[PDB]
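Right, one structure below, let's go through it.
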Amino acid sequence: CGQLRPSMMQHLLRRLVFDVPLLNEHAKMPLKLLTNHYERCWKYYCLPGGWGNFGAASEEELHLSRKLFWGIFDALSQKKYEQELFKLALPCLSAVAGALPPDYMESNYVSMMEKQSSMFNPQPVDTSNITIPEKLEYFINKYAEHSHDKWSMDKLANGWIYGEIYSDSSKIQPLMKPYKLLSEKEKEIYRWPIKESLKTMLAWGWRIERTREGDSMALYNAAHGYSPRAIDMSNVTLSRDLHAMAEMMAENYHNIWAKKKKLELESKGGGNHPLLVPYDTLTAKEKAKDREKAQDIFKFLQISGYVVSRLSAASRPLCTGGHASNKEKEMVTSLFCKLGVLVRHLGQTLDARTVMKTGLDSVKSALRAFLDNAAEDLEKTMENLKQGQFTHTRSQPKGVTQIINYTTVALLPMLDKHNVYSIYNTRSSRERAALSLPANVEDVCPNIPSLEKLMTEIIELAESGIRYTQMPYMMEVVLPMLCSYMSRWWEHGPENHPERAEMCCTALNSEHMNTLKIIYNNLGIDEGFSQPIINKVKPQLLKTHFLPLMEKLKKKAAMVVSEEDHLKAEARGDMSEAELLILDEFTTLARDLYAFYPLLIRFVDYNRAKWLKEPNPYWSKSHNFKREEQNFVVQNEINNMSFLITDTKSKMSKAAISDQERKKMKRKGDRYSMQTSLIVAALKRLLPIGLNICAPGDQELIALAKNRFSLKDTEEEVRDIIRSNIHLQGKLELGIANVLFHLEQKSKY
Amino acid sequence: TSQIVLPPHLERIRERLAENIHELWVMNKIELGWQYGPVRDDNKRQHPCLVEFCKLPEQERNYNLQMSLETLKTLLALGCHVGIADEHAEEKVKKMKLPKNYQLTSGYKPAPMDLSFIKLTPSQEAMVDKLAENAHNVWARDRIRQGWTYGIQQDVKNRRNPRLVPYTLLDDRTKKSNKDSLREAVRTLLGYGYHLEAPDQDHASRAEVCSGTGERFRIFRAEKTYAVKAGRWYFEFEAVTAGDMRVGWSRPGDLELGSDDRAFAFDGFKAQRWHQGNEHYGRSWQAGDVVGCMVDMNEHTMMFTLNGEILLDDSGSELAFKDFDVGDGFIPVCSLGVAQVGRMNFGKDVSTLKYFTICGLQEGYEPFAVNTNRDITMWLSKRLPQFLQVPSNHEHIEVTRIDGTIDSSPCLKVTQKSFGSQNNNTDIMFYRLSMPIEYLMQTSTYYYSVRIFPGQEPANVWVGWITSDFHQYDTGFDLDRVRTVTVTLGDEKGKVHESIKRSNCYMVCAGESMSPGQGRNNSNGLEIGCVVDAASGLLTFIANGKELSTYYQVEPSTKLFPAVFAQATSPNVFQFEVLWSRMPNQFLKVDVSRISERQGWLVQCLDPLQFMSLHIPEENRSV
C-alpha cells in the first residue's frame, strides 16, 4: 500500500509505449498484477484522466496487455464501496464507439462484461491577442500590498531593516515603502505573474462571482505606520472546481517553464535536463513545491470571494446511463438492420457477436437496474431486442446463443405497456407455425431446418420467453386464445409422439392457467365481445373432466409411463393463481393427488432413477410417507448386509450401484426435506406418532452413514455430475446433500 | 401554496374556462332548489348568489374572476403540466357533450354535460385534497386576521370554530359539501377534455417515506458484574414494531451497535448481522417474534433460534459467529430505533418463556436469570450529557503536563498540552478538564488561564463561564441564551422593589467584535483569570480589555471545573496553560404503583420510597 500516490504504472506505461526492451515485457506484468491489489481505489486521482486522454489519443495499438490490465482492475474493483463513475463514463463510451473497426483475433475481444462499469503540449493556449478587461481597482492593490508586506517581513526575519541608502554590506533595504510610492520595475515584477494568471483564466472563459458577502480582505486577527502581520489562510477547505482550476494553472506554469528551459537549452547549443517529467511521475522534492504553489494559489483566490465556475428529471434529458442505453439500442438496431439487409437477400459477424454480448447484458442484477433506470421506453426496447433476437435465430446460427437468449428472456417476468407498441406479431406467427409440434414435423418450415428450428432449442426457449408467474404483461387478446388452443391440442393427444432427440417436450409452456372437444372456436365465431374464458364454468368443467385422467393414471412401464406422468404434471400444474384460496376443496383435492402420485410412482422398485430429471415439489399422506421410508430403509439395510460379504465384481459395477443409490437418496430426500416442515409442524403440538415413525428412519440413516467408504467416494462424483443444485434449505418454505438443515431439524426432535 | 405568478399568455382560454365554469355553478345553484330574491333573507329561501350574469353585481363577478385566477395559478404552479389538449365544446368545436343531458325548470336552463365514464385517476383526488387544504388555509388566515368566532384576549363569542387546524381538527364528515362540490368540479374538468398526472405515485419519487438521522439512540444493557464464563443461557425478545432492532451480546469495556468487534448484534430489518462489516445472515421477523440469542463458551459458537427455527446464512452455516475471544464475558444487549417498542424476557419463570420447550429443554439450555432470587437490573444509554469525564485517551489527544514555573516565569503557570485534532473532526464539542494543581494595592488573585490562539476565528469561538447544570448539547446554540429568566419578587401592590434578575445556563459572552482594530499575533488579553476579593455576584472573566455591559449579577456558589466552548476542524487552537452520551445508566428498580380512577383522575401512592446520594470529598458528589 502506498502513502499518497504511486509512480509505478506511469513508468510501466512509459516503458511499454516504446519497444526498446526485447522479450522483457514479461517482467513487469506480474509486477502490475501484484501492485494493483496493494493500492486502493482512492489513490486514482490523476491516473484516470491520463488513461482517458491516452485512450482518446489512440484506441487501437500493439499493447494487448492493456485490456487485460483494465479487465483485471475492473473485476477487482467490485467492492462494497461502490465508487461513482465520475470520469469513467467517457473512456468506456469511447472504447464502445471505437471497438467496431477491430476484427476478431485473440480472446482479448470476448470478455466485454467489464464494459460500462457493469451498468506533450508545449503550447496549450495562446494569449498573444488577449486583452485583460479593466475590472480591477482594489483587490489587486490589496493583494500586491499583502505580497509586499510578506516579502518585507521575510527580509526582516533574515536581518534586513528599512533605511535610506542601499548597502549590501550593512544589510540595508530601502524598499520598505508603501506600494503607492514603490518603484515601477518592482511593481511590474510583482504584477507580471498575477497578470499572466488573470490572462490565462480569462482566456478559457468562465463565470466570475462578485458576491458582497465575500469581502474578507481584513477579517483575520515601522516607518509610515508599517506593521506587517502573518495570516494563516491555508486551513480553509476549498471546492473541487477551484482545485481543478489551480491544477490547470500549475500545468500551464510548468509547460511555460519547460518551454523556457527548452529555449535556453537550444540557445546554448547543447545540454539536457531530467526535469521533463509529468505530474504523476514527479517525486516528493518537487511535490512539496507543487503543494506550496497550490496552497499559495488557493490563498490568493480565497480572498474577496472570487470563485471560478463553469435539465428535466428523466433519463433522456440529463442521465448518462439512460443516454448510454438509448445509444446502445441505436447501434444494435442499426447493426441488426445492416445484417438483415446485406446478409439476408469477415469481421462483421465478430462485431455483431461483440455488440450482442455487450448490448444484451450489461449488469448481472438486470432486474433492479431496469426498475431503477426507466419505465416507459424499457418495455419497447426489450420488445425490440426480443424481436431482433427472434429474427436472427430464424436463420442458421453459427455460435451458441442459447444462454444469452435465456438470460434475456428471464427478465420478462421481472407493468409493461403493451398497448402502445404491439411487438407480439412475430411470436404469434411463430406459435401459429408451431401450433402442433408432433404434427408439424415436415418441410413446412423454410429452408428445411433439421436443427435450427425443429429441435429442442425452441422448446427450451419458449419456457423462458413465456413466463408471467409474477404479473401478466401481455395484451390479453391472442395469448389466452393460444393457451386454449395448446390446452385443447394436448387434451386431444394423450401421448407425446415427438420427433428424434425430443423426449423432453414437457418443458414447453410455463403459463398453463385459466384465462391466460373444446368449443372455443364456436364461441369466438359467435362473439366475433366477452371471451368464453371469462366465465368460471369452463375451467371448472375442464378440471372435472380431467380429474379421472390422473385418477386412473398408473402404469408399470419405464419411459412411456414416466413421460406421460411428466406431461400430466405439466398440463395440470399447481400454479392455479386464479383464486387458489377460494377453491379450498379443489386445492385440497389437488394437494392430495400430488401427494399420492409420488407414492404410487415410488411403489415400484425403480432401479433406474434417471427418468425424472427434476420432479415438481395429512395423516394418511404422512403414514404413507413413513411406510415408504421404512420400506426403503429396510431395503437399504438388506443391500448393506448383502454387500458386507460375498464381494462383487470389479469397481465399475459397484460404482454404478453406488451412483444409482445416491441418485435415489437425493430424489427421496428432496421430498423428505419438502415435507419435513409439515411433519415438524404436525408433531410440535400433540402428535408423537410422527416422531415415533421418524425415529427408525433416523436410526437407519445414522447406521448407514456410520461406516461407509464407497458411498463417500461416489458422493463427490455424483455431485460433480449433477451440476444442477436446488438449495431449498434457505428458502424455508447436487440438489441435496447428506447433511443439511433437514437433517438438523430431524435430529433436533 | 404560493410559488410563482401565472404568466399573461393563456388569458383567452383562462377567461373562456372561467366564464363557462361560472355559468356551470350558477345553473347548479339555480337547480339546487332555491329561488332568486331581490333582498337577502334565509327565511324566504332566497339567495343572492342565484342571479344571472346579466344582473350580477360587479363585486361578485370580480371576486369570482379573482378566485378562478388564483385556483388556476395554483394548479398551474403545483408542478403538473396543464397545457391545452382537447378544445372545449363551446364556439370552437361541437362534440355533442352539451345536449347530452337536458333539464327543464321555471326559468332559463341550458343543457349541461356530465361525463362520468372516464376512469377516476388519483390525480383528481390529489387535486381535490389540495384545493380543500388551500380553502381551509385561507379560511383560517381570514379568521386569524379578523378574529371572528373565537377569542383569546377578547372572547367576543363562544363556540370556537374547529377550522383553525386544516387537517386534524377538521373531519371529512363536516366538510362533505365542499368535498362533493370539488368532486363535481374535477369531474366536469375531466369531461371538458383535460389530461392530468398524479405526482404522488411510483413513477416519480416526489414523496419521502423516512426522515431522520443517527440521533436518539438508546442501548439497553445489563450489569457488568453479570457476565458469564461458561454454560448456555437463553432469553427471549418479543419484537412488537418492526424496525432497527440490533440484538446480540455485548462485551463490557453514541457509538452504533456492532460498528466494531466489542459487541455482537443481529437484526432482521435488513436481514443481516453486524460484526466489523456487513454480512448477510438470517431472515426478517414479524410482529410478536423472538430472536433467542444463544451462547456456548465451551466451543465458542453463536446461534439464533427464531420462533424455534435456527436461522442460516447464504453459506448454509449454523454458526453465526466463530473464533472469537472469550474476554471478560458477555451480557445481553438490545437496540431500539425511533418509535420502536421492545419486550425483554430474561427467563424469570419457565412459564413466562414461550419458545423454550421447543428448543431449550432438549438441547440442555437454561434461562439467563433462572437462578437469581432478586429482580434483574438493567441499564440504558443516558441521553442527557454530563461533564463528569476527563479525556484520557482520544483520537488526537496527547495531554502531558509540563511544569516550568521555577525561576523562569514567562506566563506564571507555564504548562503545555496538545489538545488539537488532525483532520476531519468537527462536531461542535465542549471541553472540560480537571485541576490537579485582603491584600493592599492588589487587583486580583488566581492568575491562571487556559491558553487559546484567536488568530483564526473559524466560527466565532465563544468564551465565558459555565454553570453546574448544562443539558443543551445541540449544534445550534448562542442564539437565544435559553431564556432570560427574570424574577420580580416584591410586594407588587403599588411599587416593585428588589426585582433581582436571574440567569439560565448561559454565562458565555458572544465576543463577536471587541474592537475594529484587527491586532496581529495571538496574545490580546484572552480570558485573563481574575477573581474579586469580595463576593458580590460579579466575576471578571473576559477576553477583551473594554467593558461592554456584561455584568451578569447572580447568586454565589457557582465555581467549578473550567469549561470553554469552541468549534473548528484542525487548527491546533486549544492548549492548556468532552460531552458523551454512551455511558450506561439505570433509571429505577423499586418504581411505585399508581392507581387512576374515572371522574376525578385521583392518583394514590401509599408506599414511601427513600434513597441516598454520595459523600465523596471536595464536597460535591451526588450520582
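Among the listed residues B:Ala535, B:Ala568, identify the single one that is among the hydrophobic types (A, V, I, L, M, F, W, C), within 14 Å of chain A (Cβ to nearest Cβ) and either assigned to a loop (DSSP other than H, G, I, E, B) or more than 26 Å from B:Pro391 (Cβ to Cβ) (or both).
Values: B:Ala535 fails: within 14 Å of chain A (Cβ to nearest Cβ).
Selected residue: B:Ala568, the only one of B:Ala535, B:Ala568 that is among the hydrophobic types (A, V, I, L, M, F, W, C), within 14 Å of chain A (Cβ to nearest Cβ) and either assigned to a loop (DSSP other than H, G, I, E, B) or more than 26 Å from B:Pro391 (Cβ to Cβ) (or both).
Given the options B:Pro608, B:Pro516, B:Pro617, B:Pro556, name the one that is within 14 Å of chain A (Cβ to nearest Cβ), of a type outside the set (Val, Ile, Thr) and loosely packed, with under 10 Cβ neighbours inside 10 Å. Show your work before the answer.
Values: B:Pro608 fails: within 14 Å of chain A (Cβ to nearest Cβ); B:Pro617 fails: within 14 Å of chain A (Cβ to nearest Cβ); B:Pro556 fails: within 14 Å of chain A (Cβ to nearest Cβ).
Going through B:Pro608, B:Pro516, B:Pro617, B:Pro556 in turn, just one is within 14 Å of chain A (Cβ to nearest Cβ), of a type outside the set (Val, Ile, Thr) and loosely packed, with under 10 Cβ neighbours inside 10 Å: B:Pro516.
Which residue is nearest to A:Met382 (Cα to Cα), if the candidates are limited to the stretch A:417-458 and must be outside any helix (DSSP H, G or I) and among the acidic types (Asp, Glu)? Can you show your working first?
Residues of the stretch A:417-458 that are outside any helix (DSSP H, G or I), as a first pass: A:417-424, A:434-455.
Right, trim to among the acidic types (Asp, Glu) and you get A:442-443, A:452.
Details: A:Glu442: 33, A:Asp443: 32, A:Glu452: 23 Å.
So, considering only residues that are outside any helix (DSSP H, G or I) and among the acidic types (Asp, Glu), the one nearest to A:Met382 (Cα to Cα) is A:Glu452.
Could you identify the single residue in B:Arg502, B:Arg481 that is touching a strand residue (DSSP E or B) at 6+ places or on another chain (Cβ under 7 Å) and either farther than 27 Å from B:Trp580 by Cα or more than 14 Å from chain A (Cβ to nearest Cβ) (or both)?
Just one listed residue meets the conditions, B:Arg502.
Output the number of the condition that A:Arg191 fails; it satisfies all remaining conditions of (1) of a type outside the set (A, V, I, L, M); (2) out of contact with any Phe, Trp or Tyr (no Cβ under 9 Å at 6 or more places or on another chain); (3) surrounded by 15 or more Cβ atoms within 10 Å (Cβ to Cβ); (4) within 14 Å of chain B (Cβ to nearest Cβ).
Against the list (1) of a type outside the set (A, V, I, L, M); (2) out of contact with any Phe, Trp or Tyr (no Cβ under 9 Å at 6 or more places or on another chain); (3) surrounded by 15 or more Cβ atoms within 10 Å (Cβ to Cβ); (4) within 14 Å of chain B (Cβ to nearest Cβ), A:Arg191 comes up short only on (4).
Restricted to the stretch A:255-285, and to residues that are charged (D, E, K, R) and more than 21 Å from A:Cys46 (Cβ to Cβ), which residue is surrounded by the most Cβ atoms within 10 Å (Cβ to Cβ)? Write out each step before concluding.
Filtering the stretch A:255-285 down to residues charged (D, E, K, R) leaves A:259-262, A:264, A:266, A:268, A:280, A:285.
After this cut, where a residue has to be more than 21 Å from A:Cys46 (Cβ to Cβ) as well, the list is A:259-262, A:264, A:266, A:268.
Working: A:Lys259: 12, A:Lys260: 10, A:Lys261: 15, A:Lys262: 13, A:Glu264: 11, A:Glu266: 10, A:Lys268: 8.
Only one residue fits best here, namely A:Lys261.
Out of B:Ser596, B:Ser622, report the one residue that is exposed (fewer than 10 other Cβ atoms within 10 Å of the Cβ) and in contact with a strand residue (DSSP E or B) (Cβ under 9 Å, 6 or more places away or on another chain).
On the way: B:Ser622 fails: in contact with a strand residue (DSSP E or B) (Cβ under 9 Å, 6 or more places away or on another chain).
The match here is B:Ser596.
Would you confirm whether any residue within the stretch B:400-414 is surrounded by 12 or more Cβ atoms within 10 Å (Cβ to Cβ), part of a loop (DSSP other than H, G, I, E, B) and within 14 Å of another protein chain (Cβ to nearest Cβ)?
Of the residues in the stretch B:400-414, the ones surrounded by 12 or more Cβ atoms within 10 Å (Cβ to Cβ) are B:404-405, B:411-414.
Keeping just the survivors that are part of a loop (DSSP other than H, G, I, E, B) gives B:404-405, B:411-414.
Add one more test, that the residue is within 14 Å of another protein chain (Cβ to nearest Cβ), and what stays is none.
Scanning the stretch B:400-414 turns up no residue that is surrounded by 12 or more Cβ atoms within 10 Å (Cβ to Cβ), part of a loop (DSSP other than H, G, I, E, B) and within 14 Å of another protein chain (Cβ to nearest Cβ).
Find the residue count for the stretch B:318-334, including only residues that are away from every other protein chain (no Cβ under 14 Å) and either over 21 Å from B:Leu306 (Cβ atoms) or not in a strand (DSSP E or B) (or both).
Narrowing the stretch B:318-334 to residues away from every other protein chain (no Cβ under 14 Å): B:320-334.
With either over 21 Å from B:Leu306 (Cβ atoms) or not in a strand (DSSP E or B) (or both) added as a condition, the list becomes B:320, B:323-331.
The number of residues fulfilling the criteria is 10.
Within the stretch A:159-172, does at least one residue satisfy the condition of being out of contact with any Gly (no Cβ under 9 Å at 6 or more places or on another chain), among the small types (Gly, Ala, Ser) and either under 17 Å from A:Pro228 (Cα atoms) or surrounded by 12 or more Cβ atoms within 10 Å (Cβ to Cβ) (or both)?
To start, the set of residues in the stretch A:159-172 that are out of contact with any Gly (no Cβ under 9 Å at 6 or more places or on another chain) comprises A:159-169.
Remaining after also requiring among the small types (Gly, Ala, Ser): A:159, A:163, A:167, A:169.
Of the ones still in play, those that are also either under 17 Å from A:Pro228 (Cα atoms) or surrounded by 12 or more Cβ atoms within 10 Å (Cβ to Cβ) (or both) are A:159, A:163.
Within the stretch A:159-172, one or more residues are out of contact with any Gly (no Cβ under 9 Å at 6 or more places or on another chain), among the small types (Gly, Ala, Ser) and either under 17 Å from A:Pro228 (Cα atoms) or surrounded by 12 or more Cβ atoms within 10 Å (Cβ to Cβ) (or both).
Out of curiosity, is A:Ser576 in contact with a helix residue (DSSP H, G or I) (Cβ under 9 Å, 6 or more places away or on another chain), buried (at least 17 other Cβ atoms within 10 Å of the Cβ) and more than 16 Å from A:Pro539 (Cβ to Cβ)?
Numbers: in contact with a helix residue (DSSP H, G or I) (Cβ under 9 Å, 6 or more places away or on another chain): yes; buried (at least 17 other Cβ atoms within 10 Å of the Cβ): yes; more than 16 Å from A:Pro539 (Cβ to Cβ): no.
It is false that A:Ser576 is in contact with a helix residue (DSSP H, G or I) (Cβ under 9 Å, 6 or more places away or on another chain), buried (at least 17 other Cβ atoms within 10 Å of the Cβ) and more than 16 Å from A:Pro539 (Cβ to Cβ).
Can you find a residue in the stretch B:71-83 that is more than 30 Å from B:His203 (Cβ to Cβ) and part of a loop (DSSP other than H, G, I, E, B)? Can you show your working first?
Here is the first cut: in the stretch B:71-83, the ones more than 30 Å from B:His203 (Cβ to Cβ) are none.
No: zero hits.
Step by step: first the residues of the stretch A:1-31, then only those that are within 30 Å of A:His243 (Cα to Cα) and not hydrophobic (A, V, I, L, M, F, W, C), then the one that is surrounded by the fewest Cβ atoms within 10 Å (Cβ to Cβ). Which residue is that?
For the stretch A:1-31, the residue satisfying everything is A:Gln3.
Being closer than 30 Å to A:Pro688 by Cβ and either in contact with a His (Cβ under 8 Å, 6 or more places away or on another chain) or among the polar types (S, T, N, Q) (or both) narrows it down to one residue among A:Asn631, A:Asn616, A:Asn607; which is it? First the steps, then the outcome.
On the way: A:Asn616 fails: closer than 30 Å to A:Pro688 by Cβ; A:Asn607 fails: closer than 30 Å to A:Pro688 by Cβ.
Of the residues listed, the single one that is closer than 30 Å to A:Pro688 by Cβ and either in contact with a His (Cβ under 8 Å, 6 or more places away or on another chain) or among the polar types (S, T, N, Q) (or both) is A:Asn631.
Given (1) small (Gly, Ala, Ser); (2) exposed (fewer than 12 other Cβ atoms within 10 Å of the Cβ); (3) under 28 Å from A:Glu744 (Cβ atoms); (4) under 45 Å from the mean Cα position of the chain (by Cα), identify the lone condition not met by A:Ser620.
A:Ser620 satisfies all of (1) small (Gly, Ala, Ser); (2) exposed (fewer than 12 other Cβ atoms within 10 Å of the Cβ); (3) under 28 Å from A:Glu744 (Cβ atoms); (4) under 45 Å from the mean Cα position of the chain (by Cα) except (4).
Could you give every pair whose Cβ atoms fall below 8 Å, whose first residue belongs to the stretch A:216-242 and is more than 11 Å from chain B (Cβ to nearest Cβ), and whose second residue is loosely packed, with under 11 Cβ neighbours inside 10 Å and assigned to a loop (DSSP other than H, G, I, E, B), counting only separations of at least 6 or pairs across chains?
So the pair list comes out as A:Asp241/A:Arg310.
Could you check the stretch B:251-307 and list, in sequence order, the residues that are among the basic types (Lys, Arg) and within 19 Å of B:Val326 (Cα to Cα)? Walk me through how you get there before you give the answer.
Start the filter on the stretch B:251-307 by keeping residues that are among the basic types (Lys, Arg), which leaves B:251, B:262, B:270, B:273, B:283.
Selection gives B:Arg251, B:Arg262.
Being surrounded by fewer than 17 Cβ atoms within 10 Å (Cβ to Cβ) and touching a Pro at 6+ places or on another chain (Cβ under 9 Å) is true for just one of A:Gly98, A:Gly50. Which residue is that?
Working: A:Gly98 fails: touching a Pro at 6+ places or on another chain (Cβ under 9 Å).
Result: A:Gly50 is the single residue among A:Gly98, A:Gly50 that is surrounded by fewer than 17 Cβ atoms within 10 Å (Cβ to Cβ) and touching a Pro at 6+ places or on another chain (Cβ under 9 Å).
What are the residues in the stretch B:226-283 that are within 30 Å of the chain's Cα centre (by Cα), under 24 Å from B:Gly360 (Cα atoms), away from chain A (no Cβ under 14 Å) and not in a strand (DSSP E or B), if any?
Residues satisfying the conditions are B:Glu238, B:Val240, B:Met245, B:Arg246, B:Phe264.
Of all residues in the stretch B:572-603, count the ones that are under 32 Å from the mean Cα position of the chain (by Cα), closer than 30 Å to B:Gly420 by Cα and not in a strand (DSSP E or B).
Of the residues in the stretch B:572-603, 5 are under 32 Å from the mean Cα position of the chain (by Cα), closer than 30 Å to B:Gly420 by Cα and not in a strand (DSSP E or B).
For residues in the stretch B:182-223 being among the small types (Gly, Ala, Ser) and surrounded by 16 or more Cβ atoms within 10 Å (Cβ to Cβ), which is farthest from B:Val26 (Cα to Cα)? Step through it out loud before you land on a result.
Here is the first cut: in the stretch B:182-223, the ones among the small types (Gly, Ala, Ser) are B:185, B:191, B:193, B:198, B:204-205, B:207, B:211-212, B:214, B:222.
Cutting the leftovers down to surrounded by 16 or more Cβ atoms within 10 Å (Cβ to Cβ) gives us B:185, B:191, B:193, B:198, B:222.
Working: B:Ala185: 13, B:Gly191: 18, B:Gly193: 21, B:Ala198: 30, B:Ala222: 73 Å.
Out of the qualifying residues, it is B:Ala222.
Working only within the stretch B:110-136, note down all residues that are exposed (fewer than 13 other Cβ atoms within 10 Å of the Cβ) and among the β-branched types (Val, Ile, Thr).
Matches in the stretch B:110-136: B:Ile118 only.
Out of all the residues in the stretch B:194-210, which are within 16 Å of B:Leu120 (Cβ to Cβ), in a loop (DSSP other than H, G, I, E, B) and away from every other protein chain (no Cβ under 14 Å)? Steps first, answer last, please.
Of the stretch B:194-210, the ones within 16 Å of B:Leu120 (Cβ to Cβ) are B:194-198, B:200-201.
Add one more test, that the residue is in a loop (DSSP other than H, G, I, E, B), and what stays is B:194-198, B:201.
B:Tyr194, B:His195, B:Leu196, B:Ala198, listed by residue number.
Within the stretch A:720-749, which residues are among the basic types (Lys, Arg), more than 12 Å from every other protein chain (Cβ to nearest Cβ) and either surrounded by fewer than 16 Cβ atoms within 10 Å (Cβ to Cβ) or touching a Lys or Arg at 6+ places or on another chain (Cβ under 6 Å) (or both)? Working first, answer last.
Of the stretch A:720-749, the ones among the basic types (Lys, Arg) are A:723, A:731, A:746, A:748.
After this cut, where a residue has to be more than 12 Å from every other protein chain (Cβ to nearest Cβ) as well, the list is A:723, A:746.
The answer is A:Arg723, and nothing else.
Can you pull out every residue in the stretch B:88-109 that is over 22 Å from B:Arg12 (Cβ atoms) and not polar (S, T, N, Q)?
Initially, the stretch B:88-109 is screened for residues over 22 Å from B:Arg12 (Cβ atoms), giving B:96, B:99-109.
Within the stretch B:88-109, B:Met96, B:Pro99, B:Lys100, B:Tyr102, B:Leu104, B:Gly107, B:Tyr108, B:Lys109 meet the criteria.
Could we say that A:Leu687 is in a helix (DSSP H, G or I) and on the phi < 0 side of the Ramachandran plot here? Full working, then the answer.
Working: in a helix (DSSP H, G or I): no; on the phi < 0 side of the Ramachandran plot: yes.
In short, no.
Within the group B:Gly490, B:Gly494, B:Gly420, which residue is within 19 Å of B:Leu526 (Cβ to Cβ), over 30 Å from the mean Cα position of the chain (by Cα) and either more than 14 Å from chain A (Cβ to nearest Cβ) or surrounded by 10 or more Cβ atoms within 10 Å (Cβ to Cβ) (or both)? Before you say what the answer is, go through the steps one by one.
On the way: B:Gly490 fails: within 19 Å of B:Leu526 (Cβ to Cβ); B:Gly494 fails: within 19 Å of B:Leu526 (Cβ to Cβ).
Among B:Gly490, B:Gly494, B:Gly420, only B:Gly420 is within 19 Å of B:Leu526 (Cβ to Cβ), over 30 Å from the mean Cα position of the chain (by Cα) and either more than 14 Å from chain A (Cβ to nearest Cβ) or surrounded by 10 or more Cβ atoms within 10 Å (Cβ to Cβ) (or both).
Every number in this text was worked out from the coordinates using simple rules, so none of it is lab data. Ideal geometry is used to build each Cβ from the backbone, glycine not excepted, and the neighbour counts take in all protein chains shown.
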